[PDB]
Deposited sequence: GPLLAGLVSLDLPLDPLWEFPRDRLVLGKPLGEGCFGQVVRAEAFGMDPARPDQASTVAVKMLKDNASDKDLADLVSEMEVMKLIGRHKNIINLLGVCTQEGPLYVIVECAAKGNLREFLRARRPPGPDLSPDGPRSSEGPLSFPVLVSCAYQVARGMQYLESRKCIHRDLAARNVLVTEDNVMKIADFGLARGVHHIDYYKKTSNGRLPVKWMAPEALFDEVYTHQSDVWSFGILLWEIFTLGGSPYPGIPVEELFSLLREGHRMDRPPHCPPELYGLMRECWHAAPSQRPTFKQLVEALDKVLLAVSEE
């Protein structure tokens, strides 16, 4: 079976499975109620997210989920990542119980909060004020950088860092998801929501199958661009075939509208050809911290 880990094992009868949250990478994820996740409050309800094997899963799918579980045990706890809460490995299906972020992923969060165009009638003194302000976008960027910096300190490379893979809590805290098959990537693969994940890959990863923390920094720069386009799709209108040759030529995305040169500056730094010429996550946290303090 699977060994028992009393440090993490949670009785499965203390879960009530609820609404499916969609296809997770290695299985499906369901919202759930947990009673007594805090052992000091055994009858207290909390909302959690539960990852489990899809129907008719292989022995490989089990291996993947179990390895994701073991990664999460190892990396420890941080404010800006999805944290492991517990597991159900005994006498029933494998459950991996993690934090549930009320507002969904960062890309959807941004796209849903785009400002009103000059389309609707002025109603109220804030008719043109959108939900999102510059300091809060910078805070989103800063928090992801702090999460990535933690992950890096734990020798963890993400390899798909993208806004879709950051979740947003009720208090607008960013939590990096799915930090733990690079030899088979379909670079033409479009996800069911229309995403082309090749557009987040560093040149060395895409061309040479090399991943480092500086590869993630490249992706971070793409995520920066998503934020300051409020959830835009990178390399707009560029199909994958054209992306290959544009990247070989050293092409980079344009500065987006309503983005200050400080932030487009950091994006271009993240996309320097040589990985040693990109900022480290520690440098990105510091740089974003300066902008955040300057504007708060």
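Give me the ranges of the deposited sequence that have no CA atoms here, in sequence order. Those stretches are 1 to 10, 191 to 193, 310 to 311, listed in order.
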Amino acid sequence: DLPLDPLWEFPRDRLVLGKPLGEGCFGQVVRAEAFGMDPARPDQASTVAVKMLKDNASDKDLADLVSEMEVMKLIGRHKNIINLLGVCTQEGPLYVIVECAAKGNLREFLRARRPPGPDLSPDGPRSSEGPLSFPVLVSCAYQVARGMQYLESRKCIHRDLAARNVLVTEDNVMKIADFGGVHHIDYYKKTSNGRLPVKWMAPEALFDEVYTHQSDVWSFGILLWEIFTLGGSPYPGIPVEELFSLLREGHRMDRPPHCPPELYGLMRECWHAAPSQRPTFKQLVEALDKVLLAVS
From here on, numbers count along this sequence of modelled residues.
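If you average the Cα B factors in the entry, which is higher, 67 to 75 or 142 to 150? Result: 67 to 75.
Given 217 to 225 and 128 to 136, the range whose Cα B-factors average higher in the PDB entry: Averaging CA B-factors over each stretch, the winner is 128 to 136.
Looking at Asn83, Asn165, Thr169, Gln90, which has the highest CA B-factor as recorded? Answer for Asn83, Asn165, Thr169, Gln90: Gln90, with the highest C-alpha B-factor.
Say you rank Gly104, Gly180, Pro197, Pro203 by Cα B-factor from the PDB entry; which sits at the top? Comparing C-alpha B-factors across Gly104, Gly180, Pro197, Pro203, the top value belongs to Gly180.
Taking only the Cα B-factors deposited for this chain, tell me whether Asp61 sits in the lowest, middle or highest third. Answer is highest: the recorded C-alpha B-factor places it there.
Should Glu262 be placed in the lowest, middle or highest third of its chain by the C-alpha B factor in the entry? It belongs to the middle third of the chain when residues are ordered by C-alpha B-factor.
Considering every modelled residue of the chain and its Cα B-factor in the PDB entry, is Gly250 in the lowest, middle or highest third? Ranked within chain, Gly250 CA B lands in the highest tercile.
Quick check for you: using the entry's CA B-factors within this chain, is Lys175 in the lowest, middle or highest third? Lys175: CA B-factor falls in the lowest third of its chain.
In terms of the CA temperature factor given in the entry, to which third of its chain does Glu23 belong: lowest, middle or highest? According to the entry, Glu23 has a C-alpha B-factor in the chain's highest third.
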